[PDB]
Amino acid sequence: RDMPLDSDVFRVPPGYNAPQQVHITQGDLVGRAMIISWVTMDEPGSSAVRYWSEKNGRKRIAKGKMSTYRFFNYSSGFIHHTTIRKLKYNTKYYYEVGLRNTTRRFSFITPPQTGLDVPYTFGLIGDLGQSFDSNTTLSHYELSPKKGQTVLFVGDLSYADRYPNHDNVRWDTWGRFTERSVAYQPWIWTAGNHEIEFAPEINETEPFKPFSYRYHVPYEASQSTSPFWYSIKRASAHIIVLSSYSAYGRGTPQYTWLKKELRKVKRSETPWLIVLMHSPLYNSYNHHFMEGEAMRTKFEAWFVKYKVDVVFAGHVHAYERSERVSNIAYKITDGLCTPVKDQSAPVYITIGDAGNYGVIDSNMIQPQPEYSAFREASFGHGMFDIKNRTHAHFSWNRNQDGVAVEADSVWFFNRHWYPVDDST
C-alpha cells in the first residue's frame, strides 16, 4: 500500500536546483531558534536562508552547512542545515531557501515565551511511513479544527529500509511527501527501529546513518552528547526525547544524561512534563509484547518520582491509552510484580498508528488487562492540547471518522499543580 513513486504527493518542485524536502524543528532549548533543512539535487547550491518577520519586514540572512552521504550504491543530494537564532517569540516569520537558483518561500511562527499558563497544541504522530493511509492521517491532521502547532514524532519515519538495499530514494520521497506540514511547523524527532538501518550485508554498519544526515536536532541545547536523546522546552511544556535503541545501562551517556536532566525540570516554569520514546513501556498488543521491559526496569521509577505527565510511544501499529499505573515494587523474590494504580505515575499512550506501509497490529492480549484503559487497532493521529497549568486535553481521531470526530478523548490533570484522579 506504499504510494507509488509517481504519486502527486512525491512530485518535485519545478525549477533548476529547486530546494526540496524542506523541513524545520526547534533549534534551541526555549523556542527562539529554528533549524531549517533541505535538499538540492542539481548541484550544491547556497546554504543561506533569508528571513524576516511580518512586522519588522527587515530581511536578514543565516548561513548554514552542506553535507552528503552514500548508502550502498546510493548517493544523496546536497543536504543543507541552517540554524536561524535569536527570533522573537510569538511572531510570524517568512523564510526563503534556494537563493542562488530557484527560491522558495515558507513561514513559521515562533512559540510564546515559556510560561506556567501558556497554552499550546501538539499533534501526535507515530510510525508514519508512506502508504496511502499515511497520506490520510497527515490530511486529517492538517484539518483538525483544533489546529496543531508542533508535531511530536514518535519514530519510524519512512520505512525505506523495507526496500531492497534500503533504497534511500524512499527517504527522498518521504521527505517530499511530508514537506507540506514540516516546512511550516516543527516536528520534534525521535528515533525508531526503522531508523537504525544496520545492514552488514551491504556493508552499512553505522546505525542511524541516513536518518542522522537528514534530520538534525538541538541536542547540545540540553547538554546531550548525542542527537538521539535530547530535550527542549516549548510554551508550558518540557519535552524529553529518549532512544530505545541506543544504550541506557547504568553509567552510559544516555542514562547519565537523563538523570541530570530530570533534576533540571522546573514545574513552576514548564508545568507540563512529556517524554517521548519509540518502544512503549506499557503495551497489551501481542506484537512487540514486553519489548519495553528493559528500559522500563531502568527508567520507570524516575518517571514516577518526577511525576511525568504523559509518555508517548509508537512501534505497535495501533492505539492504546493506559491508567496511571506503576510497577516499581519488585525485588525478585518478593512477588510484588503487578502493575498497580499510582497517581504519581504518568499515563502511557501509544500512537504508532499513523500508517506505516499500510498494516495494523490487531491481535491483542486477551483479556484487556487492568492497566490498559482503552485500545483500538485503527489508523489515526492524536492531539495534546494544553490549556492551563492544570488542564490539558488529549484526543485521538480515527482515520475512518470525520476530521472532527474524536474517537477517544480525555482530560489530563497536571501531576504537579492538580494531581486529582483523572484516571477515568
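We number the residues from 1 along the sequence you see.
- Higher mean CA B-factor, judged across 178-186 and 142-150 from the recorded values: 142-150.
- Note on 381-389 vs 48-56: mean CA B-factor is higher in 48-56.
- Annotation for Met277, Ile125, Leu87, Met295: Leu87 ranks highest, by Cα B-factor.
- For the set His194, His317, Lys266, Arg170, the maximum C-alpha B-factor listed in the entry falls on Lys266.
- Per-chain ranking of the deposited C-alpha B factor places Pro14 in the middle third.
- Split the chain's modelled residues into thirds by C-alpha temperature factor. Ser362 is in the highest one.
- Compared with the other modelled residues of the chain, the Cα B-factor recorded for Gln21 ranks in the lowest third.
- Among all modelled residues in this chain, the alpha-carbon of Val30 has a temperature factor (C-alpha) in the highest third.
- When the modelled residues of the chain are ordered by C-alpha B-factor, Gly249 sits in the highest third.
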